[PDB]
Every structure is written in structure tokens, then in C-alpha cells.
Amino acid sequence: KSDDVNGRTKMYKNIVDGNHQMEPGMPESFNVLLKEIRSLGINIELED
Amino acid sequence: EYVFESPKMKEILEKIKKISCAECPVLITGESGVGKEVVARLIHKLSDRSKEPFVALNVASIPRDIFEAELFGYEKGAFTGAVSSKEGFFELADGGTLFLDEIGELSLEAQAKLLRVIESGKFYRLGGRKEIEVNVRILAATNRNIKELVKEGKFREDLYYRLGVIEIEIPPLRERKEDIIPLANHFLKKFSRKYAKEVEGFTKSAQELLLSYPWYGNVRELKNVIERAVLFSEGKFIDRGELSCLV
Amino acid sequence: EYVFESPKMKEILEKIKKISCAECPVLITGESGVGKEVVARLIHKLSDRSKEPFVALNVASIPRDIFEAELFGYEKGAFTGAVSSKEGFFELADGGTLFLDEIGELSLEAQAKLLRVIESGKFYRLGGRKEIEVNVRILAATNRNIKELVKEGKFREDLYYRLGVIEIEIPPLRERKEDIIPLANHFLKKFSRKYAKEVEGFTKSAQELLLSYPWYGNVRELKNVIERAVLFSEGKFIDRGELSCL
Amino acid sequence: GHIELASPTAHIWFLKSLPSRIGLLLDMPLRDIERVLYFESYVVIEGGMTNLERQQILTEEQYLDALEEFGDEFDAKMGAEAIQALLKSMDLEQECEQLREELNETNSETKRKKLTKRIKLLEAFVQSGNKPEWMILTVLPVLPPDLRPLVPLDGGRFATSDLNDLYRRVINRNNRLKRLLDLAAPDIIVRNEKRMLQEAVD
Amino acid sequence: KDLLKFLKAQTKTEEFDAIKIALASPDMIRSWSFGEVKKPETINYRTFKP
Amino acid sequence: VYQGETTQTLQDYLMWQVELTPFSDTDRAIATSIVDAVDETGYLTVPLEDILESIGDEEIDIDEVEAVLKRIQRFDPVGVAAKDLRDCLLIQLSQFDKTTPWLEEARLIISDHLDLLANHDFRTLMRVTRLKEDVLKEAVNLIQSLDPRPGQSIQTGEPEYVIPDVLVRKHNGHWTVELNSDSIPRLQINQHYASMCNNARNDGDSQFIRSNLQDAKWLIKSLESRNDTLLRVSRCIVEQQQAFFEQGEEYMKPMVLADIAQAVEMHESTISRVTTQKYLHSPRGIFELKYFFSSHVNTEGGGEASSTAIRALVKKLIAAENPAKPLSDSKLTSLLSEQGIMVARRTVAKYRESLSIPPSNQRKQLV
Amino acid sequence: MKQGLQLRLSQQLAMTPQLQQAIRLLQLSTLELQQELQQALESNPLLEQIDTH
Amino acid sequence: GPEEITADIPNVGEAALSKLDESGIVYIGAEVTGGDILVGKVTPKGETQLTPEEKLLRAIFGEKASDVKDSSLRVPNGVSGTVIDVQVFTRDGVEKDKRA
DNA sequence: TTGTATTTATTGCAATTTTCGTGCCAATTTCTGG
DNA sequence: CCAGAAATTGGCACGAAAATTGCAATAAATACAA
Ligand SMILES: Nc1ncnc2c1ncn2[C@@H]1O[C@H](COP(=O)(O)OP(=O)(O)OP(=O)(O)O)[C@@H](O)[C@H]1O
Ligand SMILES: Nc1ncnc2c1ncn2[C@@H]1O[C@H](COP(=O)(O)OP(=O)(O)OP(=O)(O)O)[C@@H](O)[C@H]1O
Ligand SMILES: [Mg+2]
């Protein structure tokens, strides 16, 4: 509903098709936060 | 357009085709008027530098005292009277072809100045402390037997092996009797178009006289004879009488 | 990348290695095409001045009337047209190597001008009053016979003993018969790679023909012959027919 | 992207966040670290055979007289280069063992707390893969452009953002410092340029 | 070379179960980047291109 | 801080319609490629062979691409992703109801003979289609009622402006010219490093500081001189062309660089260099400084008339002609002669072409 | 009488041009002029531009 | 080029231009709703290379439709009312239209 | 009292390339008498 | 209605005039040491 760019499109398509199911992903704001923290000289990353 | 009909000329043409992928220096030898400059320009045209400069230079018209300044250049304060920097001919023809015409008239003191530049391609200007590197292909032409000069001692041995990587010898017109009539017809048509005459061809006796003559000026002499015949002609055909210059 | 297989050409290499700790001037003699430039650059490379400038100068290409200006330099106001001071070649090659190629073609008037700079390294610029001291190692190469020229009288005696502290003479290719075939293979590989051909060797007849020709241009003539053979080659092995230029 | 800094610059988070990691790691008061960083005082790197300590704070006249007396027997520097040199020359194992021996032998309360804190910091640094000299910046990361967009307004004016202005200031200072360093400019001006670059990065 | 696989490969979600934080080495910072910024200019204002 | 929002372009709308269409995986990939190939006017920009190559699978023929393209062309707006104008018009007409009065004739004209309509024949077209003038007018009107650029319904973008260098305004009944203070470059010498020039300080620093100070002074003087020269030249140009700013074109004067150079006592090269890529803002608009220099022709009285005025007169005369009989170059020349303008037919043709105006036979209508 | 290269002390009347410097600034537009001014600011420590920060 | 206020918008029908006067401005007393045109304006899109397709478009439809792009003022969605007053401000030196 | 070293003030000439108007004529479109 | 005649258009060419670009150190004024 807010910032899953692929999830919004998939949810809209499923709703129009009559299938009420979602495939959540990563919010874009968390990616923005990771980039901002990396720009401060700190290595933050996802594991596995 | 040029005429190549003799088997030797066709073999030379095939060699020119084969050496089109190389950048080696070429040395052209022959008599006077055989077509050395024609071959040099054809070699330039058929090479990879076809759109690049073709600097033709007569090395016998350069004064002895300013020989270095003409080929290498000089900086601003090299000598008295030098006001501005100026390039030479080895830097004017960078990326192209340099054609040394009549190289056999160069004195040994002048020959000694062309040793390192031909092979290395690097030099210093007159008054310059920076080394200039150029990419020039060397064609050289002469009408004297360079090997005989080297054996006698009139030509430096260190320059012959630098220039003579590939050697082409053009046979005299006396040995190219399959190539005489087409040249005569070509020159006849050219001069008839230029001077607006009415001649069209040679008689059989005229052809025999042309083919039997031992040309010493080669193609240049043939061209002069044809031009004179066209100028002084009055009839439709150039018979044996008009060719009275030949003995 | 260079070929040294003949017994005569390995003693020269050992001698070059043994003088790596010296700074004396070197005189190189031989015929044309024997490899004097190769030896000079190898001497420079195997010394303590490896990273220092190597100034190669053709002493026969400098005009007669500006010889001192080129070699030593000049100060401002030295003559009409000297608008700024300019260094010479001895200052350019300071701390490195100066290679006076073809020293045998120098007139007697021009030989007396570099008589004090070789041993001392001290000179005056044109229009300069302070003395300049440099540290340059001098290599000279010539195809003449300097000893014979001195005996005749057309070469200065006082210059030969300043230059010839160490003397190296390179034998002609016609006597280094152990190097003809390795050099032929080296040049064949080089030219085949450069021109993108398919040649990869010589026949037995070609090898026997390369071992008897009295090479007058020596290695340069051999290189020219190999280049001609590669350019006009058709198959995968160079037969005796392609070597008819010998 | 990244920016190549002409001179090392300290990271303000590891200097101005109490307790100071750089100060607690080097066992130096924060005031002396700040004085050395902003080109106000000198610090000895290698004491040599003279009577100079390895972290002694000097001043301009003191450094001048030390030079005119001793000469090339002691090394002294100012700025972030000196701090990076101090951080790069430390051995963590020897410091840890010496601190643990001193903690075991001496008994106190405030000194006990200080030694415990420094021991824990040093052992945390050893256990992780970090190295102390990484707390001095040499390459500066640059944020992607779409996260710092320009503001388009009516009339064809793009204006500018705060982040873009700070990046422009840093780049201008870095370029001027590069040009001054490669021209062999006098030190009295390059020191001021380095101080301004440090301030811009901060 | 297949367009279906190319389009499908840019819609995937990363898999992870932990988050790691540490100091960044200069080599790490250089490995992050795609180029070095050298000029303070942003927009040409004439061609309106970066 | 306002970061901005997201906008929907034509391609975003087309992709939104693609996602909600029952396509297969291969069909969806083909549709993605096709939509990528569409430009802002709604036309396809590459041949279908390029799309088939870009798909990257050898199992697919061109007929499937054609089917997908036909399906996409029925999206909103109708006629998008058309190959050419004829295809777009045919697609638009296909969606009309059969009760339209002149559907068949318009379809015939579009499908068979579209070049005759473009050339404004109206005579050979009647013979070819065997129609009268009563129905041809209605058919052409129906054809002209269609949309030639269906992709502009979702038009996006913003105009780009230019900052003038000199401003001209009418004050106290006379025109005054000044420089734009928002764009004039200026410099200043740093007083800190300049005052660092201590004589007792080491000479190595002092010579550096002095040399850099003198260089800075020279650069500042050069900038000031450049600005003064620009202002002088612009003011002289505005003074020369004083009737233009009060009555627009048709009142331009013919002047060259020599006139301004004599007026300001400089060389023509300096005048040429100054007036390069520099703009001027006037109540009428923004003009480049090189806009005011033009050639001329003669005049019956004895004077001269600029080419800009002649172009303006030609545009005015052509725009107010009779659509039944358009003016030719001979007729235009004879209309400018009554005012005393001595110009040739070929020059009038050149002027008309420079304005991008079709010849007389291609401007005639069916009124 | 002779064509040679020599060093000598002569008395001559000499002409010389004096134009080229600072003339390149006239043709440049405002944007290119600002870019060149920035390049001059980078190399000259004693040049500064007015700022509001 | 400069933007022009005009009633000759090439891409709109005759019905949508019924409420605009000869100067391209809505009448006083008109009832308007969302999406209606209040002031008609066009923006110069600029010169092109005039490829044969563009030449065909210009020849068949016209030249006005190929040089300008619509940038009119419209009633925002969810807004309605009656036009009671119109004010026109013109820069000094620019010609005034009939409404002014 | 003067001859000399240092600092402001010089924003053009000369080739060379490009654009101007206007004539000639081949190809195309429009017109008019039998 | 047809076909020859006439008007129309633009590509190429010609000379002439106009715009563009390369060239890089000096003239003169003024303050200082004998
Ligand atoms: N095959 C040919 N076809 C046409 N013309 C030719 C041919 N060969 C030579 N010529 C002409 O012969 C003339 C003289 O030849 P060229 O200029 O090559 O002489 P050359 O060999 O350089 O003589 P020299 O040694 O006397 O300088 C030229 O005008 C050239 O056009
Ligand atoms: N041992 C070698 N191995 C490989 N190439 C060699 C060798 N000796 C000579 N050459 C080649 O022979 C060619 C001629 O050699 P070089 O220039 O040294 O001869 P030179 O006549 O003594 O020199 P110079 O006249 O220039 O003083 C060069 O291209 C060089 O690479
Ligand atoms: Mg010749």
C-alpha cells in the first residue's frame, strides 16, 4: 500500500483479476536508508 | 588512368597489391621516364594512408647549409633571424607518405643526416630539447644503380639497407614492346581532345616504325613525339611521314 | 628478447655485466647492422643509471655554426636572437647516459670542441660566466676503425684516449654462424604475428641456404630478407624458392 | 560515486561523539586531538633518541627551537596525517597485555574503570575485523543522484539542495588543494587549505 | 540473450536473514563506486544535460 | 523539503494497459519491446524486424509480432503505435460506426490515394476516384477531423528558457539599455592571502604571492573591460535600430558590422566577437545580438530595404491571400513593387522558402 | 650572397605583433566564461568569488 | 518563441471552444465544471528537421498544428461555478487584445 | 639635479572562409483554342 | 476533351561582399640609486 513498487502493481493486477493475494517485497525506504548510511562511510549490508 | 600491359608491369602491379598491407620503406629504380612517380602514387593510393598527405620532395633543391632546418624544423631562438617555431617535412607528413625524389644526387655529408630518422622515426628540432616521434612511410625514387654506387663507394652503406626493404625495378620501354601501341593510342587521343585536331590513328607502317624505335627517353619521349605529331598533323591519319623525328 | 647464442657474443655479454659498477666512457665498434645500438642500450639497462635519461644524439645532424649552442646552451643576450636562456644536451642528459651515435663522421674542427667536457664535465654556456658541472656517462658507437683513422691523421689523438677507456667490438654476422638460425626464427615469428600470416618455419633447404650467404648488412639485412619472405609467403613453410633474393 | 581526498580527513562521528573513540584508543585528551587536527599545534610521531615522548604536544615556537637544536632526529606533524600515523603504528596485542597486567597489579576505582573501558574497547577492536586507521577518511563516498534531486520551479530555475551545496564545497576545496599541492605552494597557505577541507568534510 | 529471462531477472527479491554493520575500508568504498566525481557542476543549463 | 512527485507519461499509461491485458509471457515480452519502441507522438520508430531481433528467440515468427502490435494499437488513445500516417488514420476510422455519412469515401481516399491529397491536386484526385466536388469536400473535412498525433493526449514536459545579458526599456520617452545584474560575472581578490605579503617573510612565499596577486588584478581588469565593451556595443546597436522597438519588424534597418565599428571606434573583428551567443531582452521578446544585422536590396526612391522587412511583408501578404487563387512569386514581386521594393523573383522564392511556406500550387484549398 | 644558419651580433629593425591576449574572453558566452573563471579560481590562490554561505 | 493566448487550439473540437470568445477567454456568466477550458494557450514546440513524415502531416492537416503544443488553463477536477469576473494584466510594450 | 628598472595600459591586421543576390534551364503544373 | 503552349519552381553557378579566425609580445609612465 505504500512503497513496494513491484508489489503495488502485482496487487492491482490480482485485484482486477479477482485473486486477493499479495507478494510483498522490500520497502524502498529501507534501501534509501542503507544508501544513506553507506554514504557516511559505514559498511552496512544484508547477510545470506 | 594508366596503361599496364606488359607481363613485367602486371607482375609489378601484383607486387604493389601484395605489399599494400605493409608500411615498409620502398625503393624504386629504373631509367628516365619509365614511370617511377606513377608507381609511387599508385602505391600511395592502394595503401591504408590513401586519404593522408603525400609530400613529394626533391632532395636536390634543398640548400646544403639549411638542410637540417628544412626536414626537422627549428625553435624560436635557434639562430640569428629565427623568429618563430616552424615544422619540417618529417612533421608535415605525419601519418602520411614522404616521397624522396631523385635520392641518388644526395651527397654523403647530406646522406649522413638521414640515418636515425628513417628507422627510429624520432628526432630533435634545431634548438628543441623534446624528442618528436612521427609515423611516416618512406618512398624513394632514383634512376641510378644504387647497388653499383654502394659497391663503388659513392653511396653510404648504412642508408641502402634502411631504404631498400622492398625494391622495385621498372624495365625500359625497349623491353615492353607489348606496351607501346596502347600508350601511343592513349597519348594520341589525349592530345587530339586537347588541341581539337582530327587525327584518329596510326598507319601500319607508322606502327612498325614506332615499335622498331629504341626509345631512350621511354614514355616521356614517346609522349613528346605523339604531341608533336598531333600538333603538326593535317590529315585524318598519322602516316610515316609525320613521324620524321624518328630516325 | 634479444638473441645471444654465439660463443663470441656471450663473452661480450659477460664483459658488459662485469662493467656494471663502472662509469667510464665506452666505445663500440663493428660493421653496419651488427647491433651496436642494442649493445649500448643493454649497457645502459644493466647499470645503476637504469631509470635515468638516455639521450641518443646523431652528431652528424647538427649544423656547423650552432654546434656549441646545441651542446652547451646559451644565456640571454648572448647573440642577436637569444631572447631567453636555454640548456644544452649535456644538461639535458645530466645524471644519465649520452650516446653519441656515429662519432666517426665528425670534422676535426668539431672534435676539438668537446675535448674538455668528456673528461671534466665542466663547461661554460654561451654568454654565461658561471661554470656548470654535470655527471654524464658517455657511450659512443662507430662503424669505422678509429685506431686506423688516428694513424692516418683524420681523427684527433687526444679524443680517442678520452673515449676509448673500454672498447667493445662486435663481430660480423658471417662469423656468428650459431646466431643465424635463432635470429631467423625470431624474426619469422615476429613478422608472422605482425602481418597475421600462417608461416611457422623454414625447410631444410632454406636453412642450408641461410647458413652460407655472406650477409653484408648483417642482422638488418637478415631482418629485411625475413620480412620480404613473410610478406610474399603463401603456404606454411618457407621453401628455397621464396629465398631467391639471396 | 567517490571523491579522492588530497589529504586525510578525520571522521567527525568518531571524534565528536562522547566518549571519543579516537581519544580513548590513543589515550589522549580530546582538546589536544582537536588542536592537532585543526592545524594549531604539533605532535611527535617518532621520539627518536632525544627526550621527546611519542604523543607530546608542542607548539610553533617549541617545534622551531626543537628543530634548530636537534634537527632530523625527531619526527613531528600536524593535522589528520599525524593522527593517522599514530593510529597506524599501534600494536593492539601489546597494549592489551600491558593494560591487563597494570589492571591486575594496581588497585583503584576511577583508574580501574578507565583501564576496564580501554581494555574492552581494544578487545572489541581486535575481535572485529576493523582497523583503527580506517577511522581517518581517504576516499569519500557520494550518494546516488536520484536520492538528492534538484528542485524545478516555474521560470526555468533549478535552484539547489543542501546536500548538493555541501558536495560542491567539498569538491571545490579538494580541487584547490590538489592544485596547490602540485604547484609546490608555500606551506602557510596549504595548511589553511587543509583546515578548510577538514571543515568542509565535517 | 532471451528477453523473458532478462525481464524476469530484474523483478526478483533478495534473500536475507541478518544485517551486518562495520567500518568501511578505502578499498571497500572504491569497490562500491562506479566512478570518481571531479567537477562541481550539476546541469549544463544550455543543453539541459548533466 | 519538497522532493517532487511522479508523473504518468504515454509509455507509463501504455504499460499500465499492457499489465492488465491477458497476454502470455512471450506476448508480454513482445508488448514490452513494442511499447519501448513508441515515441512521444505515438508512432512506432523501428521496423518489426528490429523488434523480432530484440526478442532474442528463434522460435517466434513475424505474424505473432503483427498480432501483438494490432492488439496494442487498440489501446487508449486509439491509433497509438502506428507505423505511418496512413495506418493511424485507418485504425482511427475502423472504430467508427457504420452510420457515418462518408466513411467509405474517406476510407477509399486514405487507403488508395493519399499523396494526391498531400500535393493539393483536387483535379486528378476527382478523376481517379470518380467523385464530384460535392462529396469530395465532405470527405476531406471528415479526414481532417481525425487526430494525426494520438500520443499528445498525454503530453508531458516543460519549456526551456534563456537568461538575457542586456535589458532594454523605454524610460522617460527614450530607450535605455543596461546590463543584466543577475548574470554579470565578477571576481574579487582574497584580502587574507594578499595581506600575507610580508617583506620580512621568506622571499619564496613573497614572490609567489606577488605574482598571483598581479595575475588576479589582470584578470579582473580584463573582465571589467569585456563588460564595458559589451554594454557599449549593445547600446549602440539599440540606438541604431530605434524604430524596431516601437513598431516591430517591417521597420528594421539594414546595417552591417562596419556601421557599429565606426560608431564605437573599434575593429570589425571585435564587434564580431562581442556579439556571439549573447541575448537581449526587449518588450517584444528575447533576440540574439546577431539578429539585427541583415542584407538589403534597392528601392525605387534610392534607399535600401532590409531583408527582414521584406520577409515580414511576404509573410503578411501570403497569410492574407485568397485561398481560391494563391499568389505566386511573380504576383508577390509585383505587389512589393508598388511600394518601391526592387527585388527579383528568385530572391522572393528564396525568402518564401526560408519562412517554410509551400509554393502556390500546394497552398490552394477546396473552398 | 649566402644562405646559412649562424649566431652573430647584428643591428636590425624588428616588428612584432601585440594582440591575442584577453581577446578570447569576448567570444565566450556567459556560461563558458563562468567555467573559465572557475578554472582560473582553482589555480590562483588569491582569487575568490562572492558567496552567501 | 513566446507563448500565445488564443482560441485556435488545433487538437480540440469545436464544442470545447464554444465558451471562449474571439480572444480565447471564457465568457462572463458561463457555467463551467471540471475539465473545461478557461483560457486557451499554446507553447512553441520548436523547429525540427522536417522529415518526409512531418512534411506529410503538415501538408495534409496544416502548419499551425505542427508548431505549437496546447498548454491551456482548465478547471480543476471537483470544482464548478459561474464566471463572474476576468482580469487581464499586460506588460508595457505588448499589444493588448480585444478583451483588455 | 638625472639615467635607469619596474609597473600599468595596449580590445587590431591579414588571410580565409562563408553568405548574398540573381541568372540559366530542366522538370512540372496550369491554361486555352479547335 | 486533348494536346501543345505557357507559367512556375528550384538546383546549380558566378562574382562580390561580409563575417570569422590566427597571430603573442611592446609603449609609455613612474619611482629609485649617484
Ligand atoms: N603506364 C603509364 N600510363 C600512362 N602514362 C604513363 C605511364 N607511365 C608513365 N607515364 C607518363 O610518363 C610521364 C613521365 O613519367 P614519370 O613522371 O613517372 O617519370 P620518371 O620515371 O619520374 O622520370 P625521371 O627519372 O626522368 O624523373 C608522365 O607524364 C606519366 O604520366
Ligand atoms: N642480437 C640481436 N637480437 C635481435 N635483434 C638484433 C640483434 N642484433 C641486432 N638486431 C637488430 O638489428 C637491427 C640493426 O641493429 P642496430 O641498429 O643496432 O645496428 P647498427 O648499424 O650497429 O646501429 P646504428 O647504425 O643505428 O648505430 C635492429 O633492428 C636490431 O633490433
Ligand atoms: Mg621523376
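Below, read A as the first sequence line, B as the second, and so on, with proteins coming before strands; counting in each chain starts at 1.
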Enquirer: Non-hydrogen atoms of chain C under 4.5 Å away: do they reach the side chain of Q11(G), the backbone, both or neither?
Expert: neither

Enquirer: Of the backbone (N, CA, C, O) and the side chain (C-beta and beyond), which part of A78(C) lies under 4.5 Å from a heavy atom of chain G, both, or neither?
Expert: backbone

Enquirer: Which heavy-atom pair separates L7(G) from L126(C) by the least distance, and what is that distance?
Expert: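 It is CD1-CD2, 4.1 Å.
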
Enquirer: State whether the number of non-hydrogen atoms from other residues, nucleotides or ligands found under 6.0 Å of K15(C) atom NZ is greater than 12.
Expert: yes

Enquirer: Is the number of heavy atoms from other residues, nucleotides or ligands under 6.0 Å of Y161(C) OH greater than 12?
Expert: no

Enquirer: Going through the distances and angles, do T80(C) and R8(G) end up as a side chain to side chain contact (heavy atoms under 4.5 Å, CB included)?
Expert: CA-CA 6 Å; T80(C) 301; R8(G) 53 180 61 260; 5.9 Å; no

Enquirer: Inspect the surroundings of CD in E152(C) and state if more than 12 heavy atoms from other residues, nucleotides or ligands are less than 6.0 Å away.
Expert: yes

Enquirer: Can you confirm whether more than 12 heavy atoms, excluding those of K194(C), are under 6.0 Å from its NZ atom?
Expert: yes

